[PDB]
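Undergrad: There's a structure below that I have some questions on.
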Amino acid sequence: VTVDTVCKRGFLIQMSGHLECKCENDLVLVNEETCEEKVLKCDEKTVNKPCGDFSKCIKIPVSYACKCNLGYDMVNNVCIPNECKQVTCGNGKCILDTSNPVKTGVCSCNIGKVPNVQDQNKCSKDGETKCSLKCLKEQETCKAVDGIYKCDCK
Amino acid sequence: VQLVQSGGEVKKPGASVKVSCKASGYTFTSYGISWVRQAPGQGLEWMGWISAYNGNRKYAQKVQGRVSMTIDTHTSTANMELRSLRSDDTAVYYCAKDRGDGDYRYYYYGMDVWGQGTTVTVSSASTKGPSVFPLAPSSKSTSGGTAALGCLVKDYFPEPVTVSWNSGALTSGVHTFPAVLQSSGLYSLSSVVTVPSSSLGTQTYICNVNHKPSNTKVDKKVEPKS
Amino acid sequence: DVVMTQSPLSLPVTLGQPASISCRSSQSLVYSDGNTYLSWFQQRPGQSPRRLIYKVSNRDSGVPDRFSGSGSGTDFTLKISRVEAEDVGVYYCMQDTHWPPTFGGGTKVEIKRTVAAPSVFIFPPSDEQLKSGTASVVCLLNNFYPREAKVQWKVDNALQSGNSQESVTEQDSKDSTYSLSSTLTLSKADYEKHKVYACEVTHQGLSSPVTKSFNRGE
């Protein structure tokens, strides 16, 4: 996901160390830039449909269950990258380090915090992040709310 | 990071009250403000929420027809006005930093910073100083070398009163109780102290009562009964 | 509205010993995004609430390691691994998974000590007060533990109702006891119509109820 990404049925948000797609309404991510409607019950009628971010209803007597996509693990009812399983970040979230060829969880922080080298790089140091978002609509601009940047009305 | 609330208020039933809440040390307009009240002795109760980011607001059903929440982005201040007050609105009102986007959740969790609270008292009573009556020690307040004595501080409004004994030189064994609100709408409290019963003939015991709202000060010598 | 039920209401603790507070919700706190929006707050005497835990188990900055939160679904626990004196106060859970956000009713952590019976004293109304048309009779229960006590006024063996009020001190910082004051309030005219004024006290520290009484005018 980059500043040039268009999130399908969602919108880009920016944290201190990454961008990601946030889904509109109650849709869920089927990949990093695509949101689709979510089924409430996994069964025969809803098989293969999305049931959560990076998880879909699959067939496994016969039964159906919500399972994370390859590379993700169910942790506290949420699919997160495998390498983020044991990571705690404080004022932010764990993401995979794009600079490291070896998949490794690192912290990306709520706007106004940055990784704190005095606190094992958790999101506990005050520091600024320049907004990078390209807000295409002439009436919109990058705005900070609730620890993220997103495009919103001027 | 802090939220600084306006001072305490006393109001008649049917009036309105405006409580303010000034943010500093964080970006006020990136977040919102929830209001929570706590009646004396009771638990916490959420009243409503307003975004300083976009002005959306939501009110609890108990107050929704008579509350107004507003933002002043110039002064980083959130205001809550509660209208047609009644006696059961008497409470401490707190503001708390909360979400600015009420429609989406990100990685910020609200109620992380609270103001110091604002006491609001709603009553048809008028400001009034207390009467102070002795609680004399006697055989009915004496247990094995120990005598209890005290002062009844009756019928004042609003809180608070302060009580000391012998101008603050007597502190051991003093208990000044929480005031109770009488059916009349006036408050009453007692303050007691236990002393050696052998000291009733050697020491003078005076309770000093100060009711700053009415500029009333009373000193009451409590004399022993034989 | 989601009902949050905490237990116990009052939690006596020993300094240095673990303690734990329970919070149960009337419906699941797991939101449609898979997260559980359950928080814990500490309210020390005379202060504002302070958040300790959010999202079930995450400790706020500046919160000591001895606090932790756990649970899932409808059942949550705040644990203190070694209670310190500064931890006395009232603890609240809060859900904001479902609108409106709602709080539990609170749990008061207090210092545990041995049972102590109240010393019971009674004070007739003063002549000064009687000069003014009202008569207050005061019953004092001094330095007892636990906090709970039952007090009943009887006037000429008749049980009084609706004409007394009581209030209880905070737990004493030296000796960890409580004291309670009850006032019975009558008009002077009603006070003059009866002889025996009594308060009857029941408390875990007394194997039988204790009655203190006087005769008007003695």
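Chain labels follow the order of the structure tokens: the first chain is A, the next B, and so on; residue numbering restarts at 1 in every chain, and ligands are counted from 1 in their shown order.
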Taking only stretch 48-180 of chain C into account, list the residues labelled strand (DSSP E) by DSSP (computed from the backbone), as number ranges by chain.
TA: C: 50-54, 58-59, 67-72, 75-80, 89-95, 102-103, 107-111, 119-123, 134-144, 150-155, 158-159, 164-168, 178-180
Undergrad: What parts of stretch 10-131 of chain C does DSSP call alpha helix (DSSP H)? I'd like the answer as JSON, numbers by chain.
TA: {"C": [127, 128, 129, 130]}
Undergrad: Once you have the residues from the selection above, write them out as an mmCIF file, in the first residue's frame, restricted to N, CA, C and O atoms.
TA:
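This is the output file again00.cif:
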data_model
loop_
_atom_site.group_PDB
_atom_site.id
_atom_site.type_symbol
_atom_site.label_atom_id
_atom_site.label_comp_id
_atom_site.auth_asym_id
_atom_site.auth_seq_id
_atom_site.Cartn_x
_atom_site.Cartn_y
_atom_site.Cartn_z
ATOM 1 N N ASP C 127 -30.307 21.445 75.166
ATOM 2 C CA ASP C 127 -31.316 22.431 75.543
ATOM 3 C C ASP C 127 -31.349 23.597 74.561
ATOM 4 O O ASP C 127 -32.423 24.142 74.274
ATOM 5 N N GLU C 128 -30.189 23.980 74.020
ATOM 6 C CA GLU C 128 -30.151 25.041 73.017
ATOM 7 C C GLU C 128 -31.044 24.715 71.826
ATOM 8 O O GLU C 128 -31.847 25.546 71.395
ATOM 9 N N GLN C 129 -30.909 23.506 71.272
ATOM 10 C CA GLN C 129 -31.736 23.127 70.130
ATOM 11 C C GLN C 129 -33.210 23.100 70.510
ATOM 12 O O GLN C 129 -34.057 23.652 69.799
ATOM 13 N N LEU C 130 -33.532 22.469 71.640
ATOM 14 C CA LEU C 130 -34.918 22.415 72.095
ATOM 15 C C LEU C 130 -35.532 23.804 72.201
ATOM 16 O O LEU C 130 -36.718 23.981 71.907
#
Undergrad: For chain C, which residues have at least one atom within 8 Å of chain B, if we go by only C-alpha atoms? Write them as a PyMOL selection string, please.
TA: chain C and resi 47-51+54-55+100-106+119-126+128-129+165-169+179-181+212-214
Undergrad: Any chance you can output those residues with N, CA and C atoms as a short mmCIF file (atom, residue, chain, number, x, y, z; two decimals), in the first residue's frame?
TA:
data_model
loop_
_atom_site.label_atom_id
_atom_site.label_comp_id
_atom_site.auth_asym_id
_atom_site.auth_seq_id
_atom_site.Cartn_x
_atom_site.Cartn_y
_atom_site.Cartn_z
N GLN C 47 -10.47 12.08 44.06
CA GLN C 47 -9.88 12.40 42.76
C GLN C 47 -10.76 11.99 41.60
N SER C 48 -10.33 12.40 40.40
CA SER C 48 -10.91 11.94 39.15
C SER C 48 -10.55 10.50 38.86
N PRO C 49 -11.37 9.82 38.08
CA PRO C 49 -10.98 8.51 37.57
C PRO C 49 -9.74 8.60 36.70
N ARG C 50 -8.99 7.51 36.70
CA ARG C 50 -7.78 7.38 35.92
C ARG C 50 -7.88 6.03 35.23
N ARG C 51 -7.62 5.99 33.92
CA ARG C 51 -7.68 4.73 33.22
C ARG C 51 -6.45 3.91 33.54
N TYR C 54 -6.99 -0.76 29.00
CA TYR C 54 -7.92 -0.61 27.89
C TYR C 54 -7.82 -1.86 27.01
N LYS C 55 -8.86 -2.08 26.21
CA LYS C 55 -8.91 -3.23 25.31
C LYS C 55 -8.60 -4.52 26.08
N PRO C 100 -25.08 3.07 24.48
CA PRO C 100 -24.09 3.98 25.06
C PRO C 100 -23.00 3.27 25.87
N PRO C 101 -21.80 3.87 25.98
CA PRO C 101 -20.81 3.37 26.93
C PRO C 101 -21.45 3.27 28.31
N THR C 102 -21.17 2.19 29.01
CA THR C 102 -21.70 2.01 30.36
C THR C 102 -20.61 1.52 31.30
N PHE C 103 -20.78 1.88 32.56
CA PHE C 103 -19.82 1.59 33.61
C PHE C 103 -20.39 0.52 34.53
N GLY C 104 -19.49 -0.28 35.12
CA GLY C 104 -19.87 -1.10 36.25
C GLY C 104 -20.15 -0.23 37.47
N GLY C 105 -20.75 -0.83 38.49
CA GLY C 105 -21.13 -0.04 39.65
C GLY C 105 -19.99 0.28 40.59
N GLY C 106 -18.80 -0.28 40.36
CA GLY C 106 -17.66 0.07 41.18
C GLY C 106 -17.34 -0.98 42.24
N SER C 119 -18.03 0.93 69.73
CA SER C 119 -18.43 1.55 70.98
C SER C 119 -19.62 2.45 70.67
N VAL C 120 -20.72 2.27 71.39
CA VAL C 120 -21.99 2.93 71.08
C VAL C 120 -22.28 3.98 72.15
N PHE C 121 -22.54 5.22 71.72
CA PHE C 121 -22.81 6.37 72.59
C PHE C 121 -24.10 7.04 72.12
N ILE C 122 -24.88 7.59 73.03
CA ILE C 122 -26.07 8.29 72.59
C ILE C 122 -26.10 9.68 73.23
N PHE C 123 -26.60 10.66 72.47
CA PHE C 123 -26.63 12.06 72.90
C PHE C 123 -28.06 12.57 72.79
N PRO C 124 -28.71 12.94 73.88
CA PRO C 124 -30.04 13.58 73.77
C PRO C 124 -29.92 14.92 73.07
N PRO C 125 -31.02 15.51 72.60
CA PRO C 125 -30.91 16.86 72.05
C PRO C 125 -30.48 17.84 73.13
N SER C 126 -29.74 18.86 72.70
CA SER C 126 -29.29 19.89 73.61
C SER C 126 -30.44 20.81 74.00
N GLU C 128 -30.19 23.98 74.02
CA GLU C 128 -30.15 25.04 73.02
C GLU C 128 -31.04 24.71 71.83
N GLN C 129 -30.91 23.51 71.27
CA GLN C 129 -31.74 23.13 70.13
C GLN C 129 -33.21 23.10 70.51
N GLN C 165 -31.31 9.60 59.68
CA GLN C 165 -30.36 9.55 58.57
C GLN C 165 -29.02 9.18 59.16
N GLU C 166 -28.17 8.58 58.35
CA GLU C 166 -26.88 8.17 58.90
C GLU C 166 -25.78 8.46 57.91
N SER C 167 -24.55 8.52 58.43
CA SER C 167 -23.40 8.69 57.55
C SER C 167 -22.19 8.06 58.22
N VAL C 168 -21.26 7.62 57.38
CA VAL C 168 -20.17 6.75 57.80
C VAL C 168 -18.87 7.40 57.34
N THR C 169 -17.86 7.42 58.21
CA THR C 169 -16.57 7.98 57.79
C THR C 169 -15.87 7.07 56.78
N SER C 179 -16.40 4.76 61.55
CA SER C 179 -17.34 5.25 62.55
C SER C 179 -18.61 5.65 61.82
N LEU C 180 -19.74 5.58 62.53
CA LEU C 180 -21.06 5.88 61.97
C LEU C 180 -21.82 6.79 62.93
N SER C 181 -22.49 7.80 62.38
CA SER C 181 -23.36 8.67 63.16
C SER C 181 -24.78 8.50 62.63
N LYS C 212 -28.30 1.33 73.43
CA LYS C 212 -28.01 2.49 74.27
C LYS C 212 -29.26 3.34 74.32
N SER C 213 -29.66 3.77 75.52
CA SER C 213 -30.90 4.50 75.62
C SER C 213 -30.81 5.50 76.76
N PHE C 214 -31.68 6.50 76.71
CA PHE C 214 -31.83 7.42 77.83
C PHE C 214 -33.32 7.70 78.01
#
Undergrad: Could you please select, counting only C-alpha atoms, the residues of chain A within 9 Å of chain C and state them as a PyMOL selection string?
TA: chain A and resi 26+28+52-53+76-78+88+90+124
Undergrad: At a cut-off of 9 Å, can you tabulate as CSV every residue of chain A near chain B together with its closest atom pair and the distance in Å to one decimal, using only C-alpha atoms and ordering rows by chain then number?
TA:
residue,atom,partner,partner_atom,distance
A:22,CA,B:106,CA,8.5
A:24,CA,B:104,CA,8.5
A:25,CA,B:104,CA,8.0
A:91,CA,B:108,CA,7.2
A:92,CA,B:107,CA,6.0
A:93,CA,B:107,CA,7.0
A:109,CA,B:107,CA,8.9
A:110,CA,B:107,CA,7.2
A:112,CA,B:26,CA,8.8
A:143,CA,B:30,CA,8.2
A:144,CA,B:30,CA,5.6
A:145,CA,B:30,CA,4.2
A:146,CA,B:108,CA,5.7
A:147,CA,B:108,CA,6.2
A:148,CA,B:106,CA,7.4
Undergrad: Using only C-alpha atoms, which protein or nucleic acid residues come within 6 Å of residue B:76? Drop anything in the same chain fewer than 4 positions from it, and give the result as a ChimeraX atom specification.
TA: /B:22-23,28,72
Undergrad: When you look at stretch 12-19 of chain A with a cut-off of 10 Å (counting only C-alpha atoms), what residues show up, excluding the ones that are within fewer than 6 positions of it in the same chain? I need them as a PyMOL selection string.
TA: (chain A and resi 1-6+33+92-93+95-98+106-115+123+127-135+142-144+147-151) or (chain B and resi 106-107)
Undergrad: May I ask for the distance between atom CA of residue B:63 and atom CA of residue B:38, given in Å to one decimal place?
TA: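 That distance, rounded to one decimal, is 14.0 Å.
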Undergrad: For residue B:185, work out the shell of residues within 12 Å, counting only C-alpha atoms and skipping chain neighbours fewer than 3 positions away, then give it as a PyMOL selection string.
TA: chain B and resi 12+87+121-128+154-159+179-182+188
Undergrad: List the spatial neighbours of residue A:57 as a PDB file with N, CA and C atoms, in the first residue's frame - criterion: any atom at most 9 Å away, only C-alpha atoms, same-chain residues fewer than 5 positions off excluded.
TA:
ATOM      1  N   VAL A  39     -20.014 -11.809   5.670  1.00  0.00           N
ATOM      2  CA  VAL A  39     -21.120 -12.643   6.137  1.00  0.00           C
ATOM      3  C   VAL A  39     -21.078 -12.743   7.658  1.00  0.00           C
ATOM      4  N   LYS A  41     -22.595 -15.369   9.415  1.00  0.00           N
ATOM      5  CA  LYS A  41     -22.517 -16.773   9.796  1.00  0.00           C
ATOM      6  C   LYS A  41     -21.813 -17.547   8.693  1.00  0.00           C
ATOM      7  N   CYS A  42     -20.819 -18.348   9.070  1.00  0.00           N
ATOM      8  CA  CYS A  42     -20.131 -19.234   8.136  1.00  0.00           C
ATOM      9  C   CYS A  42     -20.882 -20.557   8.060  1.00  0.00           C
ATOM     10  N   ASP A  43     -21.372 -20.893   6.872  1.00  0.00           N
ATOM     11  CA  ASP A  43     -22.111 -22.137   6.664  1.00  0.00           C
ATOM     12  C   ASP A  43     -22.021 -22.498   5.190  1.00  0.00           C
ATOM     13  N   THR A  46     -22.836 -19.509   2.881  1.00  0.00           N
ATOM     14  CA  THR A  46     -21.860 -18.425   2.886  1.00  0.00           C
ATOM     15  C   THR A  46     -20.431 -18.897   2.621  1.00  0.00           C
ATOM     16  N   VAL A  47     -20.234 -20.152   2.202  1.00  0.00           N
ATOM     17  CA  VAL A  47     -18.881 -20.655   1.992  1.00  0.00           C
ATOM     18  C   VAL A  47     -18.162 -19.826   0.930  1.00  0.00           C
ATOM     19  N   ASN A  48     -16.870 -19.597   1.165  1.00  0.00           N
ATOM     20  CA  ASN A  48     -15.921 -18.797   0.402  1.00  0.00           C
ATOM     21  C   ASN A  48     -16.093 -17.302   0.601  1.00  0.00           C
ATOM     22  N   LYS A  49     -17.123 -16.856   1.286  1.00  0.00           N
ATOM     23  CA  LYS A  49     -17.338 -15.434   1.430  1.00  0.00           C
ATOM     24  C   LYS A  49     -16.460 -14.870   2.547  1.00  0.00           C
ATOM     25  N   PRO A  50     -16.167 -13.577   2.500  1.00  0.00           N
ATOM     26  CA  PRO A  50     -15.364 -12.974   3.573  1.00  0.00           C
ATOM     27  C   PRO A  50     -16.129 -12.977   4.886  1.00  0.00           C
ATOM     28  N   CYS A  51     -15.421 -13.264   5.977  1.00  0.00           N
ATOM     29  CA  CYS A  51     -16.005 -13.217   7.317  1.00  0.00           C
ATOM     30  C   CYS A  51     -15.243 -12.281   8.257  1.00  0.00           C
ATOM     31  N   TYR A  64     -18.289 -25.668   8.585  1.00  0.00           N
ATOM     32  CA  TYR A  64     -17.749 -24.460   7.990  1.00  0.00           C
ATOM     33  C   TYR A  64     -17.219 -23.563   9.092  1.00  0.00           C
ATOM     34  N   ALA A  65     -16.094 -22.898   8.821  1.00  0.00           N
ATOM     35  CA  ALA A  65     -15.475 -22.050   9.832  1.00  0.00           C
ATOM     36  C   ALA A  65     -14.761 -20.878   9.170  1.00  0.00           C
ATOM     37  N   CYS A  66     -14.568 -19.820   9.955  1.00  0.00           N
ATOM     38  CA  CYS A  66     -13.857 -18.628   9.512  1.00  0.00           C
ATOM     39  C   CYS A  66     -12.363 -18.844   9.730  1.00  0.00           C
ATOM     40  N   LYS A  67     -11.570 -18.773   8.658  1.00  0.00           N
ATOM     41  CA  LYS A  67     -10.140 -19.042   8.769  1.00  0.00           C
ATOM     42  C   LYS A  67      -9.300 -17.931   8.148  1.00  0.00           C
TER      43      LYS A  67
END
Undergrad: Grab the atom CA of residue B:213 to atom CA of residue B:186 distance for me, in Å with one decimal place.
TA: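 Distance reported for this atom pair: 13.4 Å.
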Undergrad: Suppose you want the space between atom CA of residue C:190 and atom CA of residue C:211; what is it in Å?
TA: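 Distance between the two atoms: 21.7 Å.
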Undergrad: Taking only C-alpha atoms into account, name the residue in C:184, C:159, C:63, C:116 that is nearest to residue C:203.
TA: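 Smallest distance to residue C:203 is found for C:116.
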